Structure formats: C-alpha cells, structure tokens
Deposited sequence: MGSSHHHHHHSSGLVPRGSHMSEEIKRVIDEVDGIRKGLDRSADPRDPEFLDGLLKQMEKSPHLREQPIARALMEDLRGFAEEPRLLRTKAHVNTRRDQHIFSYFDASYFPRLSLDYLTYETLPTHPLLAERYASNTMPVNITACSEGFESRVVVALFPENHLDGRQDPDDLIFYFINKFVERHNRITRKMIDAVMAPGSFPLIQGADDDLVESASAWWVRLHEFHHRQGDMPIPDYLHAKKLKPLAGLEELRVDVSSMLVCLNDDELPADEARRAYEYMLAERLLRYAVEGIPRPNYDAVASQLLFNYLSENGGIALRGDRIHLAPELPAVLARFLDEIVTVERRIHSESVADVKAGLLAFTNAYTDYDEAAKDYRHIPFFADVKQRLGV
C-alpha cells in the first residue's frame, strides 16, 4: 500500500486488538472500565499518535467530571481530518464499541447542499475496525457516541458504500423480477457511481425533510416513536424527497431523475421485503405506500409486476398532502389527538395482527432470495 495506508492499517489493527478484549458486559461509563481502556490506548504506539485518538483519550480521562466527548465531536464536526474514532454505545448498533474509520467525501451538486442544507455527510468508508464492518451500521449519529448527546452542530454520517451494496445485492434483482419492464429507465442497469450519487442525494434530501413540516422530528421525535408512526415519518421525508426531485427543475435533470427512481425503487422493493419473520418499521411504511399507491391509481399490479402509472407524481403529491393535512392539526389539537389521526391513516393502508408482510411481498420474498 501507500505509506499512509500502511500506517492507517497499523492504527486500525491496534484498535481491533484492544476492542476484542473489552469486557462488553460492563457499563462502558464505569470509571474502572475507562481507566483500563485508557491504559491500553496510552501504550498503543501508532494509535496514540493520531489526533482523533488523542481527543478521545482526553475526553475519556475527564469523563466522570465532564461526560461529554467534547474534543472528539469537535474534531469530527469541524472535519479536522476524515478520521472518526470514538467509544460508541448504541442500542441498535450493538457491535459498535471502540471503533475507528477513515472516510472519503462524495461530490454533490452545489444547489443541492445550498437549497437543501443539513448537517449530513454522505461518505464512503475507506478503512475501518471490525465494528464498522457490521452490515447493520449504515449510518452514524451524534448520540451513538458514549456521551449519548446530540447537539445542533453535530454532523450525521451515511456510509453510501453500504447503501450501494444493498442496491447491488437486493434492489437490482428486485427491479428486474418485480417491476414491469421499462419501469426505471435511468437507474435500471445504472453504473455504481450513478447509484452512489443517487444514494447521496437521497440521504441529503431525507435528512433535510425531517426538519421540515408541521411536526419535524427533532421537535416531535416522541410523538412519532410507535412503529407505524416511525415508518410513516420516514415515508413522509422520502416522498417529499422524490417530489423535490420531480418538481425542482433547477436541479440537474438526469441526476434528479436518477435520484427519484432510486428512492422509489428502494422504497417499493428493498425496504418492502426486510423483516426477520415480520416487517420492520421501514417495511411497514413501504407496505403503506404500496397499498396507498395501488388503491389511488399510482401503480397497478398485472402479470405479477408493478406497473408505474403515468400520474404517479400526482398520486405521490396527494399522498404527501394527506400526511401534511393530519400534521397541520398539531397547531390546534393535542399531540395525543394528532397521533391518533396519524395512526388512523396508517391503519387504513396496512394489516396488523404486529404487522404482517402483505401477500404480494410475501410471495416475492418466497420467490426471490
């Protein structure tokens, strides 16, 4: 390798060595645990030279008095370099602990980050410790750090290489075997660099739209924690994103179009089949959108193929309007009552027993891998 790449491998091999011996049953905030971790790190000769590791080490040393990873997050948020290293404690990323990555940025069109700014970093992982190999760890959020905090400057990271992989492994196959021929002309058989860019558009518009509307997630997180409502919210921001891709004609047309089709294929196909024995919240949301589209003339089933209707962009805007109409009630009714209204919308387009994978996708999951 190059000289840097060899040194990074030495840094990461040290991380992987400490990490695998850590008592993971312990409370990772316990001072004896952290002191012992600090001592292994202080005797870790390539790791302890890295600026991010020195920030982490000082944060950890002071953690009892100051339970913030203040220097670690300042390093990452200012992007002093493209190294991300910390001690993570995330319920839904259980394999993350003492973990280290380097990333490469992805170029995005200026009007995208200009008109639709958030603190979102779509990046590719270029090297990492074992925790970041977990296929589950497709993003990284400020509160996943040991201090559990999210603050207004914090950058959110999405590992686009992992989304491209999911597209290559599941979505492509599904487009061919599930959609009508000709459904997704700009993204069908598209090159990975083009999927990559579509996916970076998706995450950027996704996070932007979370913060938009009458019930934006920062403020209304708890209103939207129930599985159907968590899923309906993700649907709201993805459809909003799709519609920006169709309606904002100042965006480059091929890229916006490619992003649009990527988002719709991912939502209609890959997210719709996820689920151990039963659908997850993303799956239920895809079920919801699918049923809603069937029943309102956005898509039709014939031949065991989804056919995308000419007026799908109109049915999408109708869909988003029904959510916004319910969410606008927040300004005059109780949260409990607006939550009941959101729930009533989802129940009209899903099947609950937990939720059941709808029969069309039960057969696709059966038919395909």
Since the structure holds only modelled residues, which stretches of the deposited sequence does it leave out?
-> 1-17, 371-374, 391
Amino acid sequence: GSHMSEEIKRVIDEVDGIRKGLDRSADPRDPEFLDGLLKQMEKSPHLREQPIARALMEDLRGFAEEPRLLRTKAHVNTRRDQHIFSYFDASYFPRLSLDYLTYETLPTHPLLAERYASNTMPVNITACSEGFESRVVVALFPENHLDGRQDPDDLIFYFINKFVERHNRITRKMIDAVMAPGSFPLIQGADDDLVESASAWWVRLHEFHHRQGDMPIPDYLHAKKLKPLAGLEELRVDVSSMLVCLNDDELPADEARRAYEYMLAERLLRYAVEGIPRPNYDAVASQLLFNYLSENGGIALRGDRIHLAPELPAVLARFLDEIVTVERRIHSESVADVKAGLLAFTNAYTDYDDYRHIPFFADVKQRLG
From here on, numbers count along this sequence of modelled residues.
Avg C-alpha B-factor, entry values, 136-144 vs 224-232, higher side is 224-232
Average Cα temperature factor in the PDB entry - higher stretch of 300-308, 328-336 = 300-308
Comparing C-alpha B-factors across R169, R95, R278, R204 in this entry, the winner is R278
Pick out which of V237, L246, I160, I156 has the highest C-alpha B-factor in the PDB entry.
-> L246
Looking at the C-alpha B-factor of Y87, is it in the lowest, middle or highest third of its chain?
-> lowest
Using the B-factor values recorded in the entry, state whether the Cα atom of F184 falls in the lowest, middle or highest third among the modelled residues of its chain.
-> highest
Lowest, middle or highest third: where is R318 by C-alpha B factor in its chain?
-> highest
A64 - which third its CA temperature factor falls in, relative to the rest of the chain | highest
Where does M4 sit by CA temperature factor within its chain: lowest, middle or highest third?
-> middle
